[PDB]
Amino acid sequence: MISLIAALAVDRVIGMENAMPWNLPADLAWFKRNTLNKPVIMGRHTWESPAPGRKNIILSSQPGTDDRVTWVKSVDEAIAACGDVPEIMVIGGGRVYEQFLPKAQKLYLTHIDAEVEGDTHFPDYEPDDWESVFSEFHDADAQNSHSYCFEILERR
Ligand SMILES: NC(=O)c1ccc[n+]([C@@H]2O[C@H](COP(=O)([O-])OP(=O)(O)OC[C@H]3O[C@@H](n4cnc5c(N)ncnc54)[C@H](OP(=O)(O)O)[C@@H]3O)[C@@H](O)[C@H]2O)c1
Ligand SMILES: [Ca+2]
């Protein structure tokens with residue numbers, strides 16, 4: 001199966017020109033928990049923003065610039081490069097999420113209570129086509145700049 005994992009500010013914002021204006025170590029821990037040793041697919045810009053022991057698949061139209069990871073030129077090649085595995089984790093960014101959302105069966109979302117002026121958004125998903133199977137709210141605290149909610153949705 002294919003899953004997407006993403007951190008969304010209000011209005012589904014996921015990315016900006018520069019680093020995001022927040023500090024959310026709990027979201028990093030959650031991202032690690034749900035990726036671990038599974039294959040990851042990402043776009044070239046996310047890659048520029050590796051883990052041995054797992055397949056790291058980078059989408060780019062151009063030849064790769066780092067032999068430590070696996071470079072592919074199409075969505076079909078990316079899926080093929082992950083092999084037969086229980087779960088493929090698509091970790092960004094916006095262009096890559098848009099292409100894999102119709103193929104995905106699971107979304108792992110972090111809803112962040114922050115308003116940020118961004119240039120990249122998570123794709124529109126119809127909540128009626130998705131079943132929320134897990135949700136967990138957390139307050140901002142000494143380590144996390146904003147409140148945040150972890151949610152897992154499975155496709156209906
Ligand atoms: N392309 C542009 O016009 C351009 C220029 C400057 C800045 N930016 C900015 O970069 C920021 C990050 O965007 P993002 O989060 O969407 O990036 P992302 O998904 O992390 O990476 C997108 C990159 O992944 C590669 N890619 C995605 N789908 C592909 C496919 N089907 N086949 C082959 N390669 C594929 C392309 O790399 P390659 O580019 O290496 O082919 C593409 O540029 C955005 O803010 C955007 O405005 C875009
Ligand atoms: Ca960015």
Side-chain angles (χ1 to χ4, degrees), residues 1-16 18-35 37-85 87-97 99-116 118-127 129-130 140 144-153 155:
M1 94 175 67
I2 292 172
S3 291
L4 280 44
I5 181 156
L8 282 59
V10 303
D11 295 319
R12 280 168 312 122
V13 170
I14 59 175
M16 290 166 134
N18 308 303
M20 302 294 279
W22 61 41
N23 189 341
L24 302 171
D27 173 65
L28 183 55
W30 160 266
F31 173 92
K32 295 214 199 203
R33 177 198 156 165
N34 291 290
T35 54
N37 296 291
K38 303 167 199 184
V40 291
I41 295 169
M42 67 195 102
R44 196 241 319 160
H45 294 300
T46 294
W47 162 251
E48 279 178 14
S49 301
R54 85 168 170 211
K55 301 206 176 180
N56 299 280
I57 307 318
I58 325 299
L59 278 152
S60 175
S61 64
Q62 305 309 299
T65 57
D66 196 320
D67 291 347
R68 296 175 299 162
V69 299
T70 305
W71 297 80
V72 301
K73 293 189 179 253
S74 75
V75 164
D76 289 336
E77 281 184 17
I79 289 163
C82 294
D84 189 1
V85 293
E87 183 175 25
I88 290 160
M89 306 291 303
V90 176
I91 73 168
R95 175 161 162 200
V96 173
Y97 294 135
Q99 289 166 100
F100 282 90
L101 178 67
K103 309 178 161 11
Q105 300 294 132
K106 192 156 179 198
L107 311 171
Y108 300 77
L109 312 176
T110 303
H111 303 291
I112 303 162
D113 298 298
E115 196 160 53
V116 309
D119 60 12
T120 309
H121 304 83
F122 193 76
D124 271 340
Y125 57 102
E126 209 29 59
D129 313 326
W130 293 87
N144 299 274
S145 61
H146 293 85
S147 55
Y148 52 98
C149 177
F150 299 129
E151 181 177 35
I152 297 169
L153 308 111
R155 192 188 276 288

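Positions are given from 1 along the sequence. Values below: all heavy atoms of this structure, side chains included; hydrogens, waters and symmetry mates excluded. Note that ligands are numbered from 1 as they come in the structure, with each ligand's atoms numbered from 1 the same way.
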Chemist: Between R95, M16, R44, flag the one that comes closest to atom 42 (C) of ligand 1 by a heavy atom.
Modeler: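 Minimum heavy-atom distance to atom 42 (C) of ligand 1 goes to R95.
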
Chemist: Looking only at heavy atoms, is any part of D119 under 4.0 Å from ligand 1, and if so is it the side chain, the backbone, or both, or is it neither?
Modeler: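 Just the side chain.
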
Chemist: Could you grab the distance from atom CZ of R44 to atom CG of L59, nearest 0.5 Å is fine?
Modeler: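 The CG atom of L59 is 11.5 Å from CZ of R44, to the nearest 0.5 Å.
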
Chemist: So for ligand 1, is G92 a polar contact partner (N or O within less than 3.5 Å, distance only)?
Modeler: no

Chemist: Would one find an N or O of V72, backbone or side chain, under 3.5 Å from an N or O of ligand 1?
Modeler: no

Chemist: Below 3.5 Å, N or O to N or O, backbone or side chain included: is there any such pair between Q62 and ligand 1?
Modeler: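 Not met; the criterion fails.
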
Chemist: Mind checking whether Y97 and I14 have side chains closer than 4.5 Å, heavy atoms only?
Modeler: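 Side-chain contact under 4.5 Å: yes.
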
Chemist: Do any of the N, O or S atoms of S49 sit under 3.0 Å from the Ca ion (ligand 2)?
Modeler: no

Chemist: Looking at OG of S60 and NE2 of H45, how far apart are the two atoms once the value is rounded to the nearest 0.5 Å?
Modeler: 8.5 Å

Chemist: For ligand 1, is there an atom lying under 4.0 Å from some heavy atom of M42?
Modeler: no

Chemist: Using the salt bridge (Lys or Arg N to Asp or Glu O under 4.0 Å) criterion, which residues pair with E87? Sequence neighbours excluded.
Modeler: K38

Chemist: When you measure from atom 30 (C) of ligand 1 to each heavy atom in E48, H121, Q99, which option holds the nearest one?
Modeler: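 That would be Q99.
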
